[PDB]
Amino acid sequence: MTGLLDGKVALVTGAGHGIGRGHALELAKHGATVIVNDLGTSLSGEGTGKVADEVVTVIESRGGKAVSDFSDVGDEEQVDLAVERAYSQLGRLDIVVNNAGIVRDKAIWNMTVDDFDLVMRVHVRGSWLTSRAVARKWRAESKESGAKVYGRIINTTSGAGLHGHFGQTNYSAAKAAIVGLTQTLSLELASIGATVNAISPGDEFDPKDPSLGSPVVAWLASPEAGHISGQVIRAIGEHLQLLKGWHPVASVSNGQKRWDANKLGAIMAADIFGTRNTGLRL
(Lines of atoms letter the chains of each structure in order from A and count residues from 1; the text may use other names and numbers.)
(Lines give C-alpha, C1' and ligand atoms only; values in the text may rest on other atoms or scores of the structure.)
Protein backbone atom coordinates (compact mmCIF):
# COMPACT_ATOMS: atom_id res chain seq x y z
CA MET A 1 0.00 0.00 0.00
CA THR A 2 3.09 2.17 0.53
CA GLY A 3 5.93 2.22 -1.96
CA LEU A 4 9.54 2.26 -0.82
CA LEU A 5 10.34 5.56 -2.54
CA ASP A 6 7.02 7.44 -2.24
CA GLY A 7 7.61 11.19 -2.16
CA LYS A 8 11.24 10.92 -3.28
CA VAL A 9 12.73 12.52 -6.39
CA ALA A 10 15.41 10.56 -8.24
CA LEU A 11 17.78 11.49 -11.05
CA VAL A 12 18.95 8.65 -13.32
CA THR A 13 21.62 9.57 -15.88
CA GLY A 14 21.73 7.69 -19.17
CA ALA A 15 18.28 6.26 -18.44
CA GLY A 16 17.20 5.98 -22.08
CA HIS A 17 18.35 2.40 -22.67
CA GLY A 18 19.45 -0.76 -20.97
CA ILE A 19 20.59 -0.69 -17.36
CA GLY A 20 19.72 2.96 -16.75
CA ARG A 21 16.27 2.50 -18.27
CA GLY A 22 15.75 -0.40 -15.88
CA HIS A 23 16.77 1.79 -12.96
CA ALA A 24 14.32 4.53 -13.96
CA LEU A 25 11.47 2.03 -14.25
CA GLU A 26 12.32 0.38 -10.92
CA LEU A 27 12.58 3.63 -8.95
CA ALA A 28 9.33 4.91 -10.48
CA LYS A 29 7.61 1.59 -9.76
CA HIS A 30 8.39 2.10 -6.05
CA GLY A 31 6.84 5.58 -5.95
CA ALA A 32 9.71 7.91 -6.80
CA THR A 33 9.36 10.78 -9.23
CA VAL A 34 12.13 9.94 -11.71
CA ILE A 35 14.09 12.51 -13.69
CA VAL A 36 14.90 10.52 -16.83
CA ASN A 37 18.15 11.95 -18.18
CA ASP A 38 19.30 10.92 -21.66
CA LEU A 39 20.54 12.60 -24.83
CA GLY A 40 19.63 9.96 -27.39
CA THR A 41 17.33 10.05 -30.38
CA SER A 42 14.27 7.83 -30.38
CA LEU A 43 14.39 5.32 -33.21
CA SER A 44 10.81 6.07 -34.29
CA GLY A 45 11.17 9.85 -33.94
CA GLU A 46 7.41 10.22 -33.42
CA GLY A 47 6.84 12.92 -30.81
CA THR A 48 9.86 14.84 -29.57
CA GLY A 49 12.28 12.35 -31.15
CA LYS A 50 13.95 12.06 -27.73
CA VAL A 51 14.35 8.66 -26.09
CA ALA A 52 14.00 10.08 -22.56
CA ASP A 53 10.45 11.17 -23.42
CA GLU A 54 9.73 7.56 -24.41
CA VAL A 55 10.83 6.30 -20.99
CA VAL A 56 8.67 8.93 -19.24
CA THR A 57 5.70 7.76 -21.30
CA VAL A 58 6.31 4.15 -20.21
CA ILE A 59 6.58 5.26 -16.56
CA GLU A 60 3.38 7.32 -16.74
CA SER A 61 1.41 4.60 -18.54
CA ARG A 62 2.31 2.27 -15.63
CA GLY A 63 1.06 4.80 -13.07
CA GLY A 64 4.40 6.40 -12.19
CA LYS A 65 5.70 9.96 -12.24
CA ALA A 66 8.59 11.12 -14.39
CA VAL A 67 10.00 14.05 -16.36
CA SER A 68 12.64 14.10 -19.07
CA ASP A 69 16.02 15.82 -18.92
CA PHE A 70 18.60 16.42 -21.66
CA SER A 71 21.56 17.68 -19.63
CA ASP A 72 25.13 16.83 -20.59
CA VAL A 73 26.37 15.41 -17.28
CA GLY A 74 29.92 16.26 -18.33
CA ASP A 75 29.08 19.99 -18.47
CA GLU A 76 29.34 21.89 -15.19
CA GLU A 77 26.67 24.52 -15.87
CA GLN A 78 24.15 22.00 -17.25
CA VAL A 79 24.52 19.80 -14.17
CA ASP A 80 23.93 22.82 -11.94
CA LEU A 81 20.82 23.63 -13.98
CA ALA A 82 19.50 20.07 -13.76
CA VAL A 83 19.81 20.11 -9.96
CA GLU A 84 18.34 23.61 -9.71
CA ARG A 85 15.43 22.50 -11.90
CA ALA A 86 14.79 19.53 -9.60
CA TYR A 87 14.57 21.65 -6.44
CA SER A 88 12.42 24.38 -7.98
CA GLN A 89 10.07 22.11 -9.95
CA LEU A 90 9.98 18.99 -7.75
CA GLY A 91 10.87 20.35 -4.30
CA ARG A 92 14.06 18.38 -3.73
CA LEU A 93 16.50 15.92 -5.28
CA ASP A 94 16.72 12.88 -3.00
CA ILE A 95 18.44 10.23 -5.16
CA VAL A 96 21.16 10.36 -7.82
CA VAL A 97 21.98 7.24 -9.84
CA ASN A 98 25.07 8.03 -11.94
CA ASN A 99 24.78 5.58 -14.84
CA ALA A 100 25.58 7.69 -17.91
CA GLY A 101 28.56 6.36 -19.83
CA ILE A 102 30.15 5.48 -23.14
CA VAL A 103 32.81 3.02 -24.28
CA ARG A 104 35.70 3.55 -26.70
CA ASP A 105 37.35 0.12 -26.65
CA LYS A 106 40.78 -0.36 -28.23
CA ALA A 107 44.24 -1.43 -27.16
CA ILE A 108 46.09 1.62 -25.86
CA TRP A 109 48.48 1.81 -28.83
CA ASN A 110 45.46 2.42 -31.11
CA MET A 111 43.65 4.73 -28.66
CA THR A 112 43.48 8.50 -29.20
CA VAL A 113 43.40 11.11 -26.44
CA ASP A 114 39.81 11.86 -27.45
CA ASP A 115 38.92 8.22 -26.75
CA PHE A 116 40.55 8.55 -23.33
CA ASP A 117 39.37 12.05 -22.39
CA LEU A 118 35.75 11.43 -23.40
CA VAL A 119 35.35 8.22 -21.38
CA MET A 120 36.95 9.85 -18.32
CA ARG A 121 34.71 12.90 -18.75
CA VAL A 122 31.31 11.19 -18.93
CA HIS A 123 31.98 8.54 -16.27
CA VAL A 124 34.15 10.32 -13.68
CA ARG A 125 33.61 14.06 -14.20
CA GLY A 126 29.88 13.47 -14.71
CA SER A 127 29.55 11.48 -11.48
CA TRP A 128 31.70 14.02 -9.67
CA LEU A 129 29.63 16.96 -10.97
CA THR A 130 26.24 15.52 -9.97
CA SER A 131 27.62 14.42 -6.59
CA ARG A 132 29.01 17.87 -5.80
CA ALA A 133 25.75 19.51 -6.89
CA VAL A 134 23.55 17.51 -4.52
CA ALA A 135 26.20 17.54 -1.76
CA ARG A 136 26.12 21.35 -1.64
CA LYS A 137 22.32 21.35 -1.47
CA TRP A 138 22.14 18.58 1.15
CA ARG A 139 24.83 20.14 3.35
CA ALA A 140 23.12 23.53 3.19
CA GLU A 141 19.88 21.90 4.33
CA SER A 142 21.64 20.06 7.17
CA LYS A 143 23.46 23.16 8.42
CA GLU A 144 20.20 25.16 8.45
CA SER A 145 18.16 22.48 10.24
CA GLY A 146 20.95 21.30 12.54
CA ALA A 147 19.92 17.70 11.80
CA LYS A 148 20.72 15.02 9.25
CA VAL A 149 18.97 15.10 5.88
CA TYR A 150 18.06 12.51 3.25
CA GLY A 151 20.50 11.74 0.47
CA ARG A 152 21.30 8.81 -1.81
CA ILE A 153 23.99 8.60 -4.48
CA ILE A 154 24.47 5.30 -6.32
CA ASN A 155 27.47 5.26 -8.66
CA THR A 156 28.20 2.63 -11.30
CA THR A 157 31.46 0.69 -11.51
CA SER A 158 32.15 -2.55 -13.39
CA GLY A 159 34.34 -5.63 -13.47
CA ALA A 160 36.89 -3.93 -15.73
CA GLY A 161 37.03 -1.09 -13.20
CA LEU A 162 37.92 -3.50 -10.41
CA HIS A 163 40.20 -5.85 -12.36
CA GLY A 164 41.19 -4.32 -15.70
CA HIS A 165 40.34 -5.63 -19.15
CA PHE A 166 42.17 -5.78 -22.48
CA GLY A 167 41.25 -2.84 -24.69
CA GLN A 168 39.83 -0.69 -21.90
CA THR A 169 42.61 1.44 -20.43
CA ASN A 170 40.16 4.35 -20.52
CA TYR A 171 37.01 2.53 -19.38
CA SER A 172 38.84 0.57 -16.66
CA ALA A 173 40.51 3.73 -15.35
CA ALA A 174 37.14 5.51 -15.27
CA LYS A 175 35.28 2.71 -13.51
CA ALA A 176 38.15 2.34 -11.05
CA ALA A 177 38.09 6.09 -10.38
CA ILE A 178 34.39 5.79 -9.49
CA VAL A 179 35.23 3.35 -6.67
CA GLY A 180 37.60 5.83 -5.02
CA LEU A 181 35.13 8.64 -5.66
CA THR A 182 32.40 6.57 -3.96
CA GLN A 183 34.51 5.69 -0.91
CA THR A 184 35.50 9.34 -0.40
CA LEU A 185 31.99 10.72 -0.85
CA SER A 186 30.74 8.25 1.75
CA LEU A 187 33.22 9.66 4.28
CA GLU A 188 32.48 13.27 3.31
CA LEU A 189 28.66 12.99 3.44
CA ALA A 190 28.39 10.72 6.49
CA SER A 191 27.78 13.47 9.04
CA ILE A 192 24.86 15.04 7.13
CA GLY A 193 23.10 11.69 6.65
CA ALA A 194 23.56 10.91 2.95
CA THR A 195 24.93 7.58 1.72
CA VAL A 196 27.09 6.96 -1.34
CA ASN A 197 27.39 3.44 -2.77
CA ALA A 198 28.58 1.84 -5.99
CA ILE A 199 26.69 -0.83 -7.92
CA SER A 200 28.47 -3.25 -10.25
CA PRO A 201 25.59 -4.23 -12.56
CA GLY A 202 27.39 -5.81 -15.52
CA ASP A 203 7.82 -14.18 -15.06
CA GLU A 204 10.75 -15.19 -17.29
CA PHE A 205 14.39 -15.11 -16.15
CA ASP A 206 17.30 -14.09 -18.39
CA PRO A 207 20.70 -14.02 -16.62
CA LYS A 208 21.69 -11.22 -19.04
CA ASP A 209 18.60 -9.07 -18.28
CA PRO A 210 19.92 -5.50 -17.77
CA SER A 211 17.33 -4.71 -15.07
CA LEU A 212 18.23 -7.59 -12.72
CA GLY A 213 20.24 -5.22 -10.52
CA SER A 214 17.63 -2.47 -10.60
CA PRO A 215 15.72 -3.66 -7.48
CA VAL A 216 19.03 -3.50 -5.59
CA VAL A 217 19.56 0.07 -6.79
CA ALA A 218 16.00 0.89 -5.72
CA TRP A 219 16.54 -0.69 -2.31
CA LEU A 220 19.84 1.14 -1.78
CA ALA A 221 18.03 4.38 -2.61
CA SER A 222 15.35 3.63 0.05
CA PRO A 223 15.08 4.70 3.70
CA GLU A 224 15.87 1.09 4.67
CA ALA A 225 19.49 1.49 3.49
CA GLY A 226 20.49 4.61 5.46
CA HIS A 227 23.21 2.65 7.30
CA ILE A 228 25.04 1.45 4.15
CA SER A 229 27.67 3.70 2.60
CA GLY A 230 30.92 3.38 0.69
CA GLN A 231 30.10 -0.18 -0.35
CA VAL A 232 30.66 -1.90 -3.68
CA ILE A 233 27.76 -4.24 -4.39
CA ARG A 234 27.71 -6.62 -7.36
CA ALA A 235 24.26 -7.54 -8.72
CA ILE A 236 24.69 -9.63 -11.87
CA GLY A 237 22.29 -12.34 -13.03
CA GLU A 238 21.36 -14.77 -10.29
CA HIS A 239 23.65 -13.41 -7.55
CA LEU A 240 23.86 -10.45 -5.18
CA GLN A 241 27.32 -9.98 -3.65
CA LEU A 242 29.06 -7.64 -1.23
CA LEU A 243 32.66 -6.95 -2.24
CA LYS A 244 35.57 -5.82 -0.08
CA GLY A 245 38.69 -4.20 -1.42
CA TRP A 246 42.47 -4.07 -1.31
CA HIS A 247 44.22 -5.97 1.46
CA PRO A 248 47.69 -7.38 2.12
CA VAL A 249 48.17 -11.07 1.36
CA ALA A 250 51.92 -11.18 2.15
CA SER A 251 54.09 -8.90 4.26
CA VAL A 252 57.78 -8.65 5.18
CA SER A 253 59.81 -6.20 7.28
CA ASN A 254 63.25 -4.75 6.56
CA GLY A 255 64.14 -4.58 10.25
CA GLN A 256 64.28 -0.77 10.17
CA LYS A 257 67.07 -0.86 7.60
CA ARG A 258 66.87 0.34 4.00
CA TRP A 259 65.85 -2.20 1.37
CA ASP A 260 68.66 -3.48 -0.84
CA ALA A 261 67.56 -3.83 -4.46
CA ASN A 262 70.24 -6.49 -5.01
CA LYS A 263 68.55 -8.60 -2.29
CA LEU A 264 64.90 -7.89 -3.09
CA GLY A 265 64.73 -10.65 -5.68
CA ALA A 266 65.23 -13.34 -3.06
CA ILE A 267 62.91 -11.51 -0.63
CA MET A 268 60.16 -11.17 -3.25
CA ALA A 269 60.60 -14.83 -4.19
CA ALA A 270 60.62 -16.37 -0.72
CA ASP A 271 58.68 -13.88 1.40
CA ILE A 272 56.12 -12.32 -1.01
CA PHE A 273 55.17 -14.48 -4.00
CA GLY A 274 56.37 -17.85 -2.71
CA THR A 275 58.19 -18.90 -5.90
CA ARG A 276 61.26 -19.94 -3.86
CA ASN A 277 61.40 -21.81 -0.57
CA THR A 278 62.68 -20.11 2.58
CA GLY A 279 64.55 -23.01 4.13
CA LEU A 280 64.83 -23.45 7.87
CA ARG A 281 64.65 -20.09 9.67
CA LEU A 282 65.02 -19.26 13.36
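From 1 onward, residues are counted along the sequence shown.
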Problem set entry | Unmodelled stretch of the deposited sequence separating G74 from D75, binned as none, 1 to 3, 4 to 9 or 10 or more | none
Problem set entry | Entry-level comparison of average CA B-factors, 205-213 and 153-161, reporting the higher stretch | 205-213
Exercise. Of the two stretches 134-142 and 163-171, which shows the higher Cα B-factor on average in the entry?
Worked result: 134-142
For this session: Could you say which of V249, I236, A218, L242 has its CA atom at the highest B factor, as listed in the PDB entry?
Result: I236
Seminar exercise, completed: Here the Cα B-factor of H17, set against its chain, lands in the third termed highest
Problem set entry | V232, C-alpha B-factor rank within chain (lowest, middle or highest third) | lowest
Exercise. Against its chain's modelled residues, does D115's Cα B factor rank lowest, middle or highest third?
Worked result: lowest
Exercise. What third of the chain, by the recorded C-alpha B-factor, contains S191?
Worked result: middle
Exercise. Is the Cα B-factor recorded for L81 in the lowest, middle or highest third of its chain?
Worked result: highest
